Amino acid sequence: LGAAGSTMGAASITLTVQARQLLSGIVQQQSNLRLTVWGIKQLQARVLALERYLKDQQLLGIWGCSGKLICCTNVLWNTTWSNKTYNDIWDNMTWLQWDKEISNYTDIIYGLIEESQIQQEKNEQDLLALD
Amino acid sequence: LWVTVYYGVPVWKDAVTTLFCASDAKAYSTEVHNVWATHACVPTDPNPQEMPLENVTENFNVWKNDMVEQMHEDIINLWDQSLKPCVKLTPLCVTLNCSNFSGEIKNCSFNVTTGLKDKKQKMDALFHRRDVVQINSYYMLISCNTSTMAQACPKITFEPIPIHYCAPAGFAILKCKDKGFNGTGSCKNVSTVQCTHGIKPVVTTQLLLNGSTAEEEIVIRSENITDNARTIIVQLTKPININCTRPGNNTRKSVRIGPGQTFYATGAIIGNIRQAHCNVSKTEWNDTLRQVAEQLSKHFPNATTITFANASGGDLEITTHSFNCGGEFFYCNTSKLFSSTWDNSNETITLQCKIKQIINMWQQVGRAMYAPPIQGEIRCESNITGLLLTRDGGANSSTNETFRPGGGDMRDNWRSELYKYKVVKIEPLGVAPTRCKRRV
Amino acid sequence: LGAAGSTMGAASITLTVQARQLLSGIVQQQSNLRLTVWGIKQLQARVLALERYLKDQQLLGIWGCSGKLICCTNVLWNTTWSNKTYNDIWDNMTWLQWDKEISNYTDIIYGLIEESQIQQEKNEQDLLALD
Amino acid sequence: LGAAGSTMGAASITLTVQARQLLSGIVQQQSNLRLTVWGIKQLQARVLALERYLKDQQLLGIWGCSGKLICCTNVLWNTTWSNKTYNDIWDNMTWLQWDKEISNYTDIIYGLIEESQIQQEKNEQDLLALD
Amino acid sequence: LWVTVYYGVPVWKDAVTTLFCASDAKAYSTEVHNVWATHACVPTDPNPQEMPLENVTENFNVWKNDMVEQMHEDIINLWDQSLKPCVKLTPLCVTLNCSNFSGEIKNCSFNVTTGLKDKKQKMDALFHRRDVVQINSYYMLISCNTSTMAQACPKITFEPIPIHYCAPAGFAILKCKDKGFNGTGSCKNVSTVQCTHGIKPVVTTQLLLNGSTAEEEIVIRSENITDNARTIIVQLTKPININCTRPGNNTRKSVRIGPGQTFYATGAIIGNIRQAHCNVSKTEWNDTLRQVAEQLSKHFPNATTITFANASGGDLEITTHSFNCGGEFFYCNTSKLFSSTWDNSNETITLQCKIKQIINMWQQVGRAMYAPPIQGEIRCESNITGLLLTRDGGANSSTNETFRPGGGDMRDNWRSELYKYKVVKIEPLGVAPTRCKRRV
């Protein structure tokens, strides 16, 4: 999380860092080697840390971005999702204040992402190779 | 203009999850099973990785941090897990034909049950005046008509142990390293950690013992200063050395109200009949109190007056200093500390302390715990770091200002260690437009 | 599950739909924010929903189909696994009645799938690049 | 685990075998269809079997080897990590005694693996396509 | 020279995880709820896949295998889960005006409580001499001044059931198939399994019943032979046929010390007044003992002497053979078995056995269990497979050698079934240099 205050272009240089401390909680406690409050608290926390990871990898999967941390898509960026340029976004703003500016339309984009491409592109792709 | 996905963006939001324990594993092969560490607490990290965060402006909130409630829930739960299997003090609420001991303490005589049921036990014991009340005169334990009394096992200790509350992956603990940090609001220096530092569950009223130490100036934190109903909590920068001693050389006697139900009481003590007390260096106390008056004047007019008075009314926990000391519960007359007057410009003081064996803390009607006696003279020492003050309220404004000690809630003690902590959940899904595009 | 009654060709156009409601149970209950019957029931159910997902992705992994939802293989379709044509299968039958017709030989095919290719193709592939 | 005593070249021919009995524990017990000792023991064991799998796939992900069981990298093999040849390693030694010989430097290699390539190669790769 | 990753390499390390149960599901719709199988144990695999491992040289350690401790913990836990909800025998520690029965067994008279509280119950019962002690003379149950007595439910059985302890994925159970296998050290023939075989939790002292059978020669296993403090455990290769019978046709009487608290005692028995006993074929015993003397001479000089003597001192479990038999606990006089002398070169024996209903096994002060009576004459048979011997220690070396039966710990019984097992964790991450390299 070192680049949490850097520009989006600068921050985009350490995505492995955010990737590490999101899935592995088993180095810190693979077991701790029983109805105590601590046992239930620990177990529910360990499940949640991988439960959240599997939701995001699930979204990347159904969007055809399973293998990659950075994937480009075909959906257009509608300018109503704020008018800016490449440099005004990637070299002067941080991902925090960016996520706040685009948090309004994240749902609409997700709906287009799953339908417009990976479901039209793939369905036409299945009908093309399945011929 | 094309949407692009970036998994693992440094973005988070405000939420709360199921935290858990983290304490260094001490074998303690001779004496184990303290309530907080239990049979197993998760071990800590050998190297506490503390990563600072730059250009991070975030508002902390201690008075609305739900971690304090979750800790307060886990404490009461951990206590209840240590009171169920031990002896249920129901074969003890008998008529106590007490005689004045050779006045607090009473030498009582009563009839109990032996290992047999029909065979009854004619035995004696010794308790304090706040343990029984009359109905010579005949006495009965105080909690026999309210909450179920149950003796704790003599193996589980009540000594506080540091707890490092953590958070799983996907969640993070933000630490505000601001020295001059008002309790809430923005913090210029925010850092992130996976676990907290050593926090002792110091079950105490008014005087906070063995707590955290502020930096530079004595920090003053209150949810609302102009509201007298809100309890003001302070955090000192210089730890004092307070000493409480029970100079009574008590003895433990083991009766058998079984089967399996063993009861340890207080027998004929040795040494001297010396009541409980504590010591406070009058010089350092007066020196520390003067710094308090110099810090209280920052929330009041420049040329004013600060008045200190003892406790008004309420229970003996609200009026006297409640705390633990080697197993016994001590309650001290703090009237000699709070009786001064301060304008704009080498001996020690002692406080009369009382000992209670039947505790009813948190005011849970229905359940109760008995403190087993502790052998030998007890001597404990601590560093007082915080205080729970309270205004008097309705009066002519800016005339005089009076401050009295309070203790309306036990959660205020957990606020003294969680003022610079905050749990946030990580949102790694990021969407940003780039000139890049996918294939066909 | 909209195309559960459509023809296999028509149904094959919505595999993301079956993919979504199989892995993410954490939107419905990431925590519910303790020995009650409901706590154990919830926790065991949440584990099972990702436990089943990881079994299927595990099979696709050891079959060399990790990244894709649709993968073609090298194992021949033995005609004893029922005699039909492309159109009689994909444009007139649903996946339900199809899975019932082929449920008999799914085990044999899985054994050939893991051995015949992804273990012969990959082992010879390791000996070819490792040279 | 049949090739556990074979040479590394011979053993490298059955990585699916080690891959199978590492992730799926739900065929043996998807549920067992409640505070008994056996319920907690079972649940903690089932979580751990997928918890360990997700740690290793996590490491392969942040090393850019997500989709593959065998991936080649760019980090040099420093000869201080023992001096041997291709044949002395792959045709005369087993993975067991090999893992014992290299267990000393596995940490250093992991640090170089995540930084030297997948974080320099990918960051320069992001700056090249993001241009 | 380039580093390469190989996920799934046959590499493992030594560790331990949370094992669990595996037992075949028997409906038992008429009588269910034995303590070990509980309401649900995980089912087994219909085909036990046992994969052998070639060229695998690994050292096993039974005396340091933590699986024995984890089993011993789960056993005591499973027992406690079956003793809490049943009747807490506290309305039973009364004065027992016992008369000598028409001497062990006593016909007692006492006053209990009925369904009402003020209405008391004048009833009788029958127990053994080791159940009560005096204070005619008046008696009291032995455990009424020590541990809380609590009757077990008459529905939960105590018959052992085979348990197949397993290990989850990422962990494996290694089985050493060496016939002539010393307890610890390297094993030429190592195999891997996901679960163990049928292991019965045979709660017994000295004589091991219904245990595993060694191969070829009778295996001798001891942590340290020259240390008399270490208990030596043996594993036979030929199972014997031992028969224990309680020829007393007892009857069960149901009193109501309720509400809900029902108590089943022993009434006027039928048949004959025949004490408990067991049978041992003197020919096979003498034949088996001779093979023991021929195997003990492998850890001693060639021309020596082996002396057998009865138990020295200790509790009645250390001196007598403790074991279960249809619900009742039997304790036999094993003095007639251990009284022989052996140099270098068709009837049956009987042993006087006693029955105890109030058990205090594992020496847990505070808790106790009562064995409910069993109707009809009891007859049990088993195969003795192991023995827990003990030297006398300090004496002139290599003169004579004396061996006495011991039973200092119950974990020694679990060692008899876990001597060829070992848990290891799989490390699938492999790094090896190849001439291969990635792209740019």
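Order of writing sets the chain letters: A, B, C, D and E. Residues in each chain are counted from 1.
As a working rule, contacts are C-beta pairs under 8 Å (C-beta built on N, C-alpha and C of every residue); 3 or more make two chains touch, one makes a residue touch a chain.
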Self-check item: Result of counting contacting C-beta pairs for D-E and B-D, higher pair
Solution: D-E
Exercise. Write down the chain pair in A-E, B-D or D-E that repeats the interface of A-B; the criterion is over half of the contact pairs matching by residue number.
Key: D-E
Exercise. Could you tell me the distance, in whole angstrom, between the mean C-alpha positions of chain C and chain E?
Key: 48
Quiz item: What whole-number Å value describes the gap between the mean CA coordinates of chain B and chain C?
Solution: 56
Quiz item: Taking each chain's centre as the mean position of its Cα atoms, how many Å separate chain C from chain D?
Solution: 24
Practice problem: Specify, in ascending order, the residues of chain B that touch 2 or more different other chains. | Solution: 17-18, 434-436
Exercise. Name the residues of chain D that each touch 2 or more other chains.
Key: 12, 15-16, 19, 23-25, 35, 37, 39, 43-44, 46-48, 50, 52-53, 67, 69-70, 72, 90, 129-130
Practice problem: Using the touch definition up top, name the residues of chain E that touch chain B in the complex. | Solution: 89-91, 93-95, 111, 135, 140-141, 143-149, 366-368
Practice problem: Within their complex, state which residues of chain B touch chain C. | Solution: 16-18
Self-check item: Parts of chain B lying in touch with chain D, wherever the complex brings them together
Solution: 434-436
Self-check item: Footprint of chain C on chain A - complex, ascending
Solution: 35, 37, 40, 43-44, 47-48, 50-52, 54-55, 58, 61-62, 66-67, 114, 118-119, 122-123, 126-127, 129-130
Self-check item: In the complex, chain B residues that touch chain E
Solution: 114-119, 256, 258-262
